[PDB]
Amino acid sequence: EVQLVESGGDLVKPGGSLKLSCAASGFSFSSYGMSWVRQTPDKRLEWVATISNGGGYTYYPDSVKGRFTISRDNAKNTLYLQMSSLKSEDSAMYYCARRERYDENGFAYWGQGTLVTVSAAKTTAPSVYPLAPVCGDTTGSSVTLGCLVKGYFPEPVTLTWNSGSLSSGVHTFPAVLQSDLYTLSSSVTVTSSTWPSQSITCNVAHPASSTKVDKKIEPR
Amino acid sequence: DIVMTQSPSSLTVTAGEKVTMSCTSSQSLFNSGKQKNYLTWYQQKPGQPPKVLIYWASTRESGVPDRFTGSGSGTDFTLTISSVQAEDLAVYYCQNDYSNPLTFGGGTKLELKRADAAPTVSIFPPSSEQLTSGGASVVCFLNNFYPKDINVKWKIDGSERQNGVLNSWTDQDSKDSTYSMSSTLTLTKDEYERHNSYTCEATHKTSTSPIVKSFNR
Amino acid sequence: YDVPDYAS
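- Per the deposited record, determination of this structure is attributed to X-ray crystallography, with the resolution reported as 3.1 Å.

Here's what the structure looks like:
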């Protein structure tokens, strides 16, 4: 099993620096060359830096030259990207894939990324608002209910209905970011009579601010 | 940079059906030295780091199921699944591996055919709790439509609206091949209460005319 | 013998 295992990708303020490591097994690291590759939030991935099998030959894009340096360590048998002077657009997941030496066939072996997030934003907890209709039966005679989580930073929150007991009905629309802070929403749907008779409650956890909160959807 | 263009950003697909996808280069990727175009195709699933299916345009990886044929040479290139499976619905990329900077191609995402459905739009007023702080977001959920091609148009009192709409959308859903949208218009309490009707108008392939969801304070 | 990357 070849194994590339990354570390270092934290949430640092822009202008800061971050170092990332990547561990190698199942081959002699010394024989092959390493690369670093980032996958951005809209999911295009872009080559950060490429080295050789002992060093010397260091390669980067113009986005990266000056700030980032790719390193090697053949006894500690580890690959590092020193990232420095961080722009926000650097925010990406960083994968250490490797260079296929003998064969020439891409990056067939990727570690499982280390998410680099650079923001000057600071941790603000969410605002969980219970969104009940002025009672609208949706499908069959159903009723759509909903929760909106406004104004949290960093990530993630996690959003259930009756503690995951209610798994059906619900769609949860991804996090998206308003004032450089995020927003998430979901619709639990049940057939009318459940609501308002039977409890339906939105629970929300934002682990970086320590907030668990739960909001009962409710007429009066 | 040698620039890789992927098309289309998406491709619908039934199953057991042949699909082709493309990539193109500004320059060419082919060297005479070795005798190979160095365009490598990748496949990706959420959670999953992309993996090599074809390398050198044409040559399939170890393990890559034989439906996966390579082609394309020079500057336009092709990725061809002879018979697509659930297990093949994923984003596929392409890459200049020929010369630095190694550039990849934007993305082509497989999402599979389903029969037409229109959304179950649902509008929601700002929770009072919101207004008690000075803000007022109207949530209009929009569910279970298919295709993904949909408008949503907020309108305050018949006049159209644009500033203050944030919209999350889901992926295609695995149980039923449906997508969902949430449009939300965030005003302040003050603008909210110099107003009366609100609408989220909605156009879709099925929508003969646009589904409207008004409330009204 | 550090070898130049094949994409160099």
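A look at the overall build of chain B
Link 1 in the chain: Broken down by element type, chain B carries two helices and 21 strands.
Link 2 in the chain: Taking 217 residues into account, the globule formula puts the C-alpha radius of gyration at 17 Å, and chain B, at 23 Å, lies well above it.
Link 3 in the chain: By its C-alpha atoms, chain B is 75 × 35 × 30 Å across when sized along the principal axes.
Link 4 in the chain: Within chain B, buried positions represent 50% of all 217 residues.
Link 5 in the chain: Restricting to contacts in chain B with at least 6 residues of sequence separation, those with at least 24 account for 58%.
Link 6 in the chain: For chain B, the accessible surface area stands at approximately 9400 Å², while carbon and sulfur atoms represent 47% of it.
Link 7 in the chain: Of the charged side chains in chain B, 20 are positive and 21 negative; the average position of the first set lies 2 Å away from that of the second.

A look at the nonpolar core
Residue and element names in this part refer to chain A.
Link 1 in the chain: Of all hydrophobic cores here, the largest spans 28 residues; its most connected members are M34, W36, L79, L81, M83 and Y94.
Link 2 in the chain: Sorting the residues of this core by element identifies β3 (18-25), β4 (33-39), β5 (45-50), β7 (78-83), β8 (92-99) and β9 (114-118) as the ones contributing at least two each.
Link 3 in the chain: In this structure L81 touches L18, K19, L20, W36, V48, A49, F68, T69, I70 and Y94, once residues within four positions along its chain are discounted.

Quick notes on the domain arrangement of chain B
All names here are of chain B.
Link 1 in the chain: One can read the domain layout of chain B as domain 1 (1-114) and domain 2 (115-216).
Link 2 in the chain: On a C-alpha basis, the centres of domain 1 and domain 2 stand 36 Å from each other.
Link 3 in the chain: Counting the surface lost from both domain 1 and domain 2, the interface buries some 680 Å², and carbon and sulfur atoms represent 33% of this.
Link 4 in the chain: Applying the counting criterion to the domain 1 and domain 2 interface returns one salt bridge.
Link 5 in the chain: One salt bridge connects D171 with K109, and the closest N-O pair in it is separated by 3.3 Å.
Link 6 in the chain: Counting every contact that joins domain 1 to domain 2 gives four residue pairs in polar contact.
Link 7 in the chain: Grouping the amino acids of the side of domain 1 that touches domain 2 by side-chain chemistry returns one nonpolar, one polar and four charged.

Comments concerning the interface of chain B and chain C
Link 1 in the chain: Listed by partner, the interface residues are seven residues for chain B and four residues for chain C.
Link 2 in the chain: Interface area lost by chain B to chain C is led by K34, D97 and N100 of chain B, which between them contribute 70%.
Link 3 in the chain: For the pair chain B and chain C, the number of links is zero salt bridges.
Link 4 in the chain: Our enumeration of links across chain B and chain C arrives at one residue pair in polar contact.
Link 5 in the chain: Residues belonging to the side of chain B that touches chain C are distributed by class as follows: three nonpolar, two polar and two charged.

Some points on unusual backbone geometry
Residues and elements named next belong to chain A.
Link 1 in the chain: Omega for the peptide link from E155 to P156 comes to -5 degrees, which places this bond in the cis form.
Link 2 in the chain: Assignment of secondary structure puts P156 in the loop between β12 (146-152) and β13 (158-161).
Link 3 in the chain: Following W195, the chain continues into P196 via a peptide bond in cis, with omega recorded as 0 degrees.
Link 4 in the chain: Tracing the backbone through its elements, the reader meets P196 in helix α1 (residues 194-197).
Link 5 in the chain: Here the phi dihedral of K43 falls at roughly 65 degrees; this positive angle occurs in a residue that is not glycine.
Link 6 in the chain: Among the secondary structure elements, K43 is positioned in the loop between β4 and β5.

Reading the values: the criteria
Residues numbered from 1 in each chain as written, not as in the entry; some residues may be left out. Chains lettered and ligands numbered in written order. Heavy atoms only, no water. Helix = DSSP H or I, 4+ residues; strand = E, 2+ residues; numbered from the N terminus. Rg over C-alpha atoms; globule rule 2.2 N^0.38 Å. Buried < 20%, exposed > 50% of the residue type's maximum accessible area, 1.4 Å probe, protein only. Contact = heavy atoms within 4.5 Å. Areas by Shrake-Rupley, 256 points an atom, 1.4 Å probe, with all protein chains shown as cover. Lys, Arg positive; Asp, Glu negative; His and termini not counted. Charge placed at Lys NZ, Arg CZ, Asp CG, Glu CD. Core = buried A, V, L, I, M, F, W, Y, C linked by side-chain atoms within 4.5 Å. Domains from an automatic or database assignment. Buried area = accessible area lost by both parts, 1.4 Å probe. Salt bridge = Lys/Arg side-chain N within 4 Å of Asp/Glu carboxyl O. Polar contact = N/O pair within 3.5 Å; in protein donor to acceptor, adjacent residues only side chain to side chain. Nonpolar A, V, L, I, M, F, W, Y, C, P; charged D, E, K, R; others polar.

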